[PDB]
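Only one chain comes next, encoded as structure tokens, the form whose entry title says "closed state".
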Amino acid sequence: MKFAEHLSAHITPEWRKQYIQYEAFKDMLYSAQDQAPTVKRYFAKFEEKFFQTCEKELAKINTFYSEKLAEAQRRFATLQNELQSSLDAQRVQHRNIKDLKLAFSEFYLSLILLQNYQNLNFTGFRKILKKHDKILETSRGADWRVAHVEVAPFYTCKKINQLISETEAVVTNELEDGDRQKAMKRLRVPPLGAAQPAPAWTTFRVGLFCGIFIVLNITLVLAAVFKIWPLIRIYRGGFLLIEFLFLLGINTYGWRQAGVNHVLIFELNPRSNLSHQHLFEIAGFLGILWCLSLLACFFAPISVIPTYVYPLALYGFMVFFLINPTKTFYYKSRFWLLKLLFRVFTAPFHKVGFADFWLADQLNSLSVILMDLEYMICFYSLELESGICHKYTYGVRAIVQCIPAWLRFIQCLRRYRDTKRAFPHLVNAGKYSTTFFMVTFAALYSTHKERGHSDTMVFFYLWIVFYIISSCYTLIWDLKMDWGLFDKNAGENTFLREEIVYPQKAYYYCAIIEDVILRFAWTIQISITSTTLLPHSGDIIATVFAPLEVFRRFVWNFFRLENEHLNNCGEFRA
């Protein structure tokens, strides 16, 4: 019924510019009919111009299809050579054959993608020429389609069908022991992008969890206004995790809408990947659990059950929700996340891909959870001078604060060793080491504040200068090296890059301003939380700023993924 929306929803992002400009053709036809008042001569001239544009688009489609055909043939030849080599070779062999199977599946997916490209282009050409015929009341569009479009190489080439059949047969005969069902179970390509909406049950569950979360938040606010353990420092981590999951669902939705191929960037399975709806569902469920635990703490209806059981259990459930061996709840994604976390926490011993660095950055923005965990350990170790945990600073607190920065710094060092490109990796390593310097100097100042060493005023100046250095370093890296903004090629996009996938420039400008403000706020919050510093209002400031840090990292995720998709800023791809 409507081909503009169906097409745009089915466009392959990386090939967006190579499809027929159906919307442009619509605008051209509508404008031509709008200016219609000699008159027949003008109509004939418009017809000639329209069909010249059609020929140009058809030629573009043909050249793109020919290039993709050559690429697919080369890929098939390479895959056959690899299969022969693996067969000659036959733990390591199993991994090799699995990688070969994955490569064959990816190549088949590419063939399906280009077949869909061909079908969509032909359908768009036919529909636009039908619209031309209907608007201009002429039977010449069909003649033009039959004369050239019907005989165009892109529509008359069946090499892709033969390649698909050959790939299927080869996989079935040399990778699945002659079973076609198993081969097609992995080769089949379901609808991609936004073509397949999320299940109705998933959306209903997301809505149910959102409603329960909203009502429970209202109830919590009412209980707090009306109505032994620090509840803020125990529940801030959970609240931040829920907020991060919700903002990550928003990030995934925006990436899908803007054509940012985060599936390829994150190296996820394109045939089956988690969507924003599932992230919203998980965030809503975790928020429901968090709200229930906090309400139980506020009320404690059961006396036999101590209050401290409620927080622990909540966070225990969360742990049990992530390390569950059973294949019940997002098991594929949960196992992938577990592997990524293991790689990140063992950063120097694994090659650093985009996913590892991205998760390490997320942890950098989520250090408050580790700080709260360490504070809970301190509370259970000593407090259970009364408030000794938050009144003094120790090295363990500083190293716990710097753990995410340490992980990122070691990742950058490993990347430098692997690639030897000193500039980016070492500049990023220094950016992360500014965090170590700032935290150490803040801890020294806090320790010296208690005793009159006479060298506490000099430790404060060092902390101020290193705070400024770290803030400027992080902001510059975020604006220039992460988002790729402030580029010379952006003639029409001031303070941006040449190409921006997102619709509005206001998004980018507000992002720059918010990045600066919340970078300063994040540095301040890290300074406050790492050490005693403000002994009275520090906790409130940290609690207020941590959600702002999560929001800043969410916007940063948006723009970092955008830059990575447009330009290989992270150099994680060939």
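Just count from 1 along the sequence shown to find any residue number. Whichever C-alpha set is largest while still superposing within 1.5 Å between the two forms counts as the rigid core.
Form whose entry title says "open state": not shown, discussed below.
Here residue 526 counts as shifted, since its C-alpha moves by at least 2 Å between this form and the one not shown after the core is aligned. Fitting the two forms on the rigid core leaves the C-alpha of residue 451 displaced by at least 2 angstroms between this form and the one not shown. When two forms of a protein are overlaid on their rigid core, residues whose CA moves 2 Å or more are considered shifted, and residue 428 is not one of them between this form and the one not shown. A shift of at least 3 angstroms brings the Cα atoms of residue 391 and residue 363 nearer to each other in that other deposited form than in the displayed structure.
Cα-Cα spacing of residue 431 to residue 527 is enlarged in that other deposited form versus the present form (difference of at least 3 Å).
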